[PDB]
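So the sequence shown is residues 1 to 808, counted in this note's numbering. For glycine and all other residues, C-beta sits at the position ideal for the given N, C-alpha and C. Notes for the one structure printed next.
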Amino acid sequence: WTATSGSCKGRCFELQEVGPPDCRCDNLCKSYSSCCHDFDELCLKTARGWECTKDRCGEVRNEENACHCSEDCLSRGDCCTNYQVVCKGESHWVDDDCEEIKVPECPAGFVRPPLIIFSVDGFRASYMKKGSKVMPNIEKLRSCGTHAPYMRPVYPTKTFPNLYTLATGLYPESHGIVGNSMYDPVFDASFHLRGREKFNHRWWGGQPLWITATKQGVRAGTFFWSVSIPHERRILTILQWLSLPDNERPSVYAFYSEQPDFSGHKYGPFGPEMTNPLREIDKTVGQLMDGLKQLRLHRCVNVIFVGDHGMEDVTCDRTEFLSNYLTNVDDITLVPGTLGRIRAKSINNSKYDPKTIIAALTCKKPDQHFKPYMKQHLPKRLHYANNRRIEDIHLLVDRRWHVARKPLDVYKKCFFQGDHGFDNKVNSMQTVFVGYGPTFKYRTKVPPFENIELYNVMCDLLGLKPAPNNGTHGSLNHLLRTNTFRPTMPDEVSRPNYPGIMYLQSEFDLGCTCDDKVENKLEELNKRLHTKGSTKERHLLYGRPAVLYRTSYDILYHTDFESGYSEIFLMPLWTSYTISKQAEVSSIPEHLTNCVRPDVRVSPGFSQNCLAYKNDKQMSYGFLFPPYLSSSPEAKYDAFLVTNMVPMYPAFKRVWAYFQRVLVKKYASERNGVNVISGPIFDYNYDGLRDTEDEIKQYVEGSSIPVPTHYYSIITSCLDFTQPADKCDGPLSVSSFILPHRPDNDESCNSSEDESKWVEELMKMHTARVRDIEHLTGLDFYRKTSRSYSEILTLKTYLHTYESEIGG
Ligand SMILES: *[C@@H]1O[C@H](CO)[C@@H](O[C@@H]2O[C@H](CO)[C@@H](O[C@@H]3O[C@H](CO[C@H]4O[C@H](CO[C@H]5O[C@H](CO)[C@@H](O)[C@H](O)[C@@H]5O)[C@@H](O)[C@H](O[C@H]5O[C@H](CO)[C@@H](O)[C@H](O)[C@@H]5O[C@H]5O[C@H](CO)[C@@H](O)[C@H](O)[C@@H]5O)[C@@H]4O)[C@@H](O)[C@H](O[C@H]4O[C@H](CO)[C@@H](O)[C@H](O)[C@@H]4O[C@H]4O[C@H](CO)[C@@H](O)[C@H](O)[C@@H]4O)[C@@H]3O)[C@H](O)[C@H]2NC(C)=O)[C@H](O)[C@H]1NC(C)=O
Ligand SMILES: CCCCCn1c(C)cc(=O)n2cc(-c3ccc(Cl)cc3)nc12
Ligand SMILES: [Ca+2]
Ligand SMILES: [Ca+2]
Ligand SMILES: [Ca+2]
Ligand SMILES: [Cl-]
Ligand SMILES: [Cl-]
Ligand SMILES: [Cl-]
Ligand code: NA
Ligand SMILES: [Zn+2]
């Protein structure tokens, strides 16, 4: 109930919303059916439109008008945005040359530069180039301020998850808005785009920017606008709020446009009908900037122009139907479209079986346009699993396609030529970022970055301390002229031991054997030096990683590699080695095929054993430093140390062996040397975070050897590839991956072919940021470089995506 007979007189677009049943006058009252009877009349005036004309100049104030051209309008804060252009001989903001804003130029009484977030739904990154002729205001913001060629959204690349990620710096799995449509089994409630349930606060986790600001004493405009409030009125409302007295005036504001997404759905991303929506958004930007210039604020406010996701060509005839795969289609509920989420239709049905559902969906048709996953098997870079609202079964849908349950769902629920929601690495899903103002850099291009990073910078712009989030604070310092955040490196928690020779060979009873009993003063001075770390500067290029949790581990040096060996997990946490462009690949000699060697530095009790691998009929083993890349026949024996061994399913060894034998050498060839750091990851509860020992769900049969869920590698070299990886004077270049450690290769439909047709493709799908690996291992990399820490934070957030050129 709302007692809608109160009045909006002097309350139009009030900043604190009043409680029911009193009637509201704020920018969301419409969406709630709760505006006072006179809201339209008083607050949504339209008379005479949005522009001053010659004949209205100096007019007598008529309060009925949408906006004003009377002499008092500047004092009242309610002129039309073009008032000074028409009536006072001023130029439009877009017609002025740009001039560096070295310092904020603000009216007296402004305590900080205000921030205006101008968000545009469905604004695909390539619109900046492709629509440049029709967006002169946007193009000026872009070329005069700071811009990225594109900004990466979060998965799924839908509206609500991305706008709330923008607001919180959180992955959807953490903020809770995991799609545009959701079922929460604990609430037993459903969230939808249409309806009242989405207004309930229990869906919305984390701490959005307006709440962060309010708690710290920074006033915020209300971010959200009812659909029927026209854009011109949203702008006038922001401009009026900016004329409030100092103690009442917000410091942060948001404008939101439903375009170009709304048209892109109907006409496709580049439909000829798309030019007009782009022209119109640009005109709205022009209105804002002209209005700021009127208020003397155009060299005072920081403006962020930011999209939520792009838009792909998608039509009705490109739909896959689950009814073509499953017999039991009525026992499932599907969340359909550009991603698929599957759960049982009834929880009283104990015949429903996910394992058979996935098997029925796996590599069934030669051209299949979706791939099924258990959510914990999705590429870790998507961070899409740790939420009870995310169903166990997920379908990753190919770009340009839909999935639906039955054909009737499509013609009785073509109507659309665009959609989005696909894997956030897809070129068509990328979106835009521009920052313009005193706090942003002048005419500066910055590399692509992820939208999870923005909340931190928005907090920096407003002098706020961010709530805990998934950005890496400092990684976007290069966007800013001032207000940079100066982070310190995390403190190392555990210091390593450096064991020397402490055990005789006969003390080990591991059931291992090696044919290594054939063998100076020359190269035994040498072998001792190597075990003392004489070659460590070659293989450990950026310092040892820091261990940021409490544990017990040893540093082990060798001719060709260095490792941090965990006495708790019985294997390295990391293994570091450098492969120069000149290095050669050799084979494993026949007599060394099954060779495993006790490590006389490490006790039997802290060592793996070969008998466990013999008894475990599912599990085999691999090595972290590859024997194929040994520098000499004698160095090769080090690669067979029991301390370099890790458990591997035979199906996974196909992947790993090909990476080690073929791909590392290929990368060293292409990149002029690479430094490699590899190791295991344990994430049995799929939360993106390093497991403690008591979370491990699987061991090598009969032993305490824990089985990794994933294996990572971080592959670094010189950004200037004219320099070798081990002699690099400047910025670095990195690519990384987190490969799932699976007992089958069902994920790769071509896996019965040669590894040369499918392995590298798998690896690319599981591309990762160094930061993702840090969360998963509790390690901190790049501790000792000659680079600034902010530059290193940027490198750690980099994602190598393997898409071709944006725009093309
Ligand atoms: C991305 O970034 C985010 C943010 O940094 C990372 O996510 C954080 O990660 C932490 C570790 O997993 C986790 O810590 C938890 O916190 C538990 C309490 O959590 C509640 O309170 C949070 C605080 O809100 C307040 O914030 C400020 C202060 O900062 C205050 O001023 C305000 O007043 C706020 O109220 C709150 O954020 C959190 O929200 C979640 O839950 C809500 C509904 O469930 C949702 O609305 C919301 O969306 C959040 O949902 C996510 O997170 C939960 C887990 O919290 C997850 O289940 C969901 O799927 C979803 O992903 C809460 O309301 C605290 O109890 C935990 O401590 C337990 O665990 C350890 C384990 O040993 C012990 O230390 C401890 O003893 C305790 O165990 C006991 O309890 C268990 C019962 O469950 C039991 O098993 C055990 O036996 C014991 O009895 C732990 O510290 C953060 O909550 C989490 N934050 C967020 C926002 O998600 C994320 O990791 C990053 N991702 C990556 C890859 O890096
Ligand atoms: C935020 C959760 C999703 C709500 C989407 N939504 C709608 C529909 C209207 C509207 O006016 N806005 C404005 C914003 C928004 C979100 C984040 C930032 Cl930083 C700034 C503005 N979102 C909406
Ligand atoms: Ca959207
Ligand atoms: Ca075995
Ligand atoms: Ca974990
Ligand atoms: Cl969804
Ligand atoms: Cl296989
Ligand atoms: Cl593109
Ligand atoms: Na949307
Ligand atoms: Zn859309």
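* Specify which residues have a beta carbon nearer than 7 Å to any heavy atom of ligand 7, listing them in chain order. => Ordered along the chain, the selected set is 651, 654, 744, 745 and 751.
* To do: Measure from the C-beta of residue 346 to each C-beta in chain D and report whether the shortest distance is under 7 Å.
  => The chain labelled as chain D is not found in the depicted structure, where only one protein chain is given.
* Going by C-alpha distance, which of 752, 744 and 734 is nearest residue 768? -> Counting from 1 along the sequence shown, the entry for residue 768 is found at position 768. Checking every option, the nearest Cα to that of residue 768 belongs to 734.
* Flag residue 779 as yes when its Cβ comes closer than 6 Å to any non-hydrogen atom of ligand 5, and as no otherwise. => If you number the sequence shown from 1, residue 779 lands on position 779. Result no, Cβ not under 6 Å from ligand 5.
* Spell out a yes or no on whether the region 511-525 and the region 471-484 are touching, meaning 3 or more CB-CB pairs, one atom from each, closer than 8 Å. => no
* **Distance, residue 59 Cα to residue 123 Cα** => The sequence position of residue 123 within the sequence shown is 123, counting from 1. The sequence position of residue 59 within the sequence shown is 59, counting from 1. Using only the alpha carbons, I get a separation of about 39 Å.
* Measuring alpha carbon to alpha carbon, tell me which of 281, 280 and 41 ends up nearest residue 10. => In the sequence shown, the residue the question calls residue 10 occupies position 10. Out of 281, 280 and 41, 41 has the C-alpha closest to the C-alpha of residue 10.
* Asked: CB of residue 117 to nearest heavy atom of ligand 2: below 6 Å?
  -> The residue labelled residue 117 in the question sits at position 117 within the sequence shown. Because some heavy atom of ligand 2 lies under 6 Å away, the Cβ of residue 117 counts as near it: yes.
* DSSP three-state assignment for residue 128, whether helix, strand or coil -> As a first step, residue 128 is located in the sequence shown; it is residue number 128 there, counting from the start. DSSP places residue 128 in helix when its eight states are reduced to three.
* Please list, in chain order, all residues of the same chain as residue 228 whose beta carbon is under 7 Å from its beta carbon, the five residues on each side excluded. => Position 228 of the sequence shown holds residue 228. Correct list, in chain order: 30.
* Asked: Does the beta-carbon of residue 431 have 16 or more other beta-carbons within 10 angstroms, so that it is buried, or is it exposed?
  -> Counting from one through the sequence shown, the residue named residue 431 turns up at place 431. With 16 or more other Cβ atoms within 10 Å, it is buried.
* Grab the span of the beta strand (DSSP E) containing residue 259 for me, first residue to last. => Taking the sequence shown and counting its residues from 1, one reaches residue 259 at position 259. Its beta strand (DSSP E) spans residues 252-260.
* Asked: Cα separation between residue 12 and residue 236?
  -> As a first step, residue 12 must be located in the sequence shown, where it is residue number 12. As a first step, residue 236 must be located in the sequence shown, where it is residue number 236. When rounded, the distance between both Cα atoms is 12 Å.
* In the DSSP assignment, what residue or residues form a beta bridge with residue 718? -> Start at 1 with the first residue of the sequence shown, and residue 718 comes out as number 718. BP columns for residue 718 point to 732.
* To do: Buried or exposed for residue 624, please, with buried defined as at least 16 other CB atoms from any protein chain shown within 10 angstroms of its CB.
  => For the purposes of this step, residue 624 is identified with residue 624 of the sequence shown, where counting begins at 1. The Cβ neighbour count for residue 624, taken over all protein chains shown within 10 Å, is at least 16; the residue is labelled buried.
* Asked: Where residue 290 and residue 82 are concerned, what is the direct C-alpha to C-alpha distance, given to the nearest angstrom?
  -> Along the sequence shown, one-based indexing puts residue 290 at 290. Along the sequence shown, one-based indexing puts residue 82 at 82. Spanning the two alpha carbons is a distance of roughly 7 Å.
* To do: Within its chain, find whatever has a CB closer than 8 Å to the CB of residue 838; leave out the 5 residues flanking it on each side and keep chain order.
  => The requested residue 838 does not occur in the structure, where the chain is confined to residues 1 to 808.
* Asked: What do you reckon, is the C-beta of residue 391 under 6 Å from a heavy atom of ligand 1?
  -> Residue mapping note: residue 391 aligns to position 391 of the sequence shown, counting from 1. No, Cβ of residue 391 sits at least 6 Å from all heavy atoms of ligand 1.
* Span of the alpha helix (DSSP H) around residue 460 -> As a working note, residue 460 is residue 460 in the sequence shown. Run containing residue 460: 454-461, per the alpha helix (DSSP H) assignment.
* To do: Drop a sphere of 10 angstroms on the beta-carbon of residue 816, count the other beta-carbons inside from all chains shown, and report buried for 16 or more, exposed for fewer.
  => This structure gives no information on residue 816, because the portion of the chain shown stretches from 1 to 808.
* Under the criterion of a Cβ to heavy atom distance below 6 Å, does residue 330 qualify as lining ligand 10? -> In the sequence shown, counting from the first residue as 1, residue 330 sits at position 330. For ligand 10, not one heavy atom lies less than 6 Å from the Cβ of residue 330.
* To do: Please indicate yes or no: does the CB of residue 159 lie closer than 6 Å to some heavy atom of ligand 9?
  => Start at 1 with the first residue of the sequence shown, and residue 159 comes out as number 159. At least one heavy atom of ligand 9 is nearer than 6 Å to the Cβ of residue 159, so yes.
* Secondary structure at residue 387, three-state DSSP: helix, strand or coil? -> The residue given as residue 387 occupies position 387 in the sequence shown. Residue 387: coil per DSSP, three-state reduction.
* Beta-carbon proximity list for residue 326, same chain, < 6 Å, skipping 5 on both sides -> Within the sequence shown, residue 326 is the residue found at index 326, counting from 1. For residue 326, where only same-chain residues beyond five positions count, the Cβ hits under 6 Å are 360.
* To do: With DSSP collapsed to three states, give me the class of residue 628.
  => On the sequence shown, position 628 is the one that residue 628 refers to. Three-state result, residue 628: helix.
* Asked: Does the Cβ of residue 656 have 16 or more other Cβ atoms within 10 Å, making it buried, or fewer, making it exposed?
  -> Against the sequence shown, residue 656 aligns to sequence position 656. Classification for residue 656: buried.
* Asked: For residue 2 versus residue 25, is the C-beta spacing smaller than 7 Å?
  -> Mapped onto the sequence shown, residue 2 falls at position 2. Mapped onto the sequence shown, residue 25 falls at position 25. Not a contact, by the Cβ cut-off of 7 Å.
* Asked: Quick one: is the Cβ of residue 179 within less than 6 Å of any heavy atom of ligand 6?
  -> For the purposes of this step, residue 179 is taken as residue 179 along the sequence shown, with counting starting at 1. Correct: residue 179 has its Cβ closer than 6 Å to ligand 6.
* Asked: Do you know offhand how far residue 53's Cα is from residue 285's?
  -> For the purposes of this step, residue 53 is taken as the residue at position 53 of the sequence shown. For the purposes of this step, residue 285 is taken as the residue at position 285 of the sequence shown. For residue 53 and residue 285, the distance between alpha carbons rounds to 20 Å.
* How about residue 157 and residue 429: do their beta carbons lie closer than 7 Å? -> Your numbering for residue 157 matches position 157 in the sequence shown. Your numbering for residue 429 matches position 429 in the sequence shown. Contact flag set, yes.
* Asked: Going by C-alpha distance, which of 96, 388 and 108 is nearest residue 139?
  -> As a position in the sequence shown, residue 139 is number 139, starting the count at 1. Distance from the Cα of residue 139 is smallest, within the candidate group 96, 388 and 108, for 96.
* Can you tell me whether residue 505 is buried or exposed, with buried defined as 16 or more other CB within 10 angstroms of its CB? -> The count along the sequence shown starts at 1 and reaches residue 505 at position 505. Burial call: exposed.
* **Complete alpha helix (DSSP H) runs within the region 270-326 (minimum length 4 residues, chain order)** => 275-294
* In chain order, which continuous runs of the alpha helix (DSSP H) of length 4 or greater are located wholly inside the region 434-507? -> 454-461
* To do: Within the same chain, show all residues whose beta-carbon is closer than 7 Å to that of residue 471, passing over the 5 residues directly before and after it, in chain order.
  => The count along the sequence shown starts at 1 and reaches residue 471 at position 471. The answer, listed in chain order, is 169, 452, 453, 455 and 456.
* **Where residue 675 falls: helix, strand or coil (DSSP)** => For this step, residue 675 is matched to residue 675 along the sequence shown. Strand.
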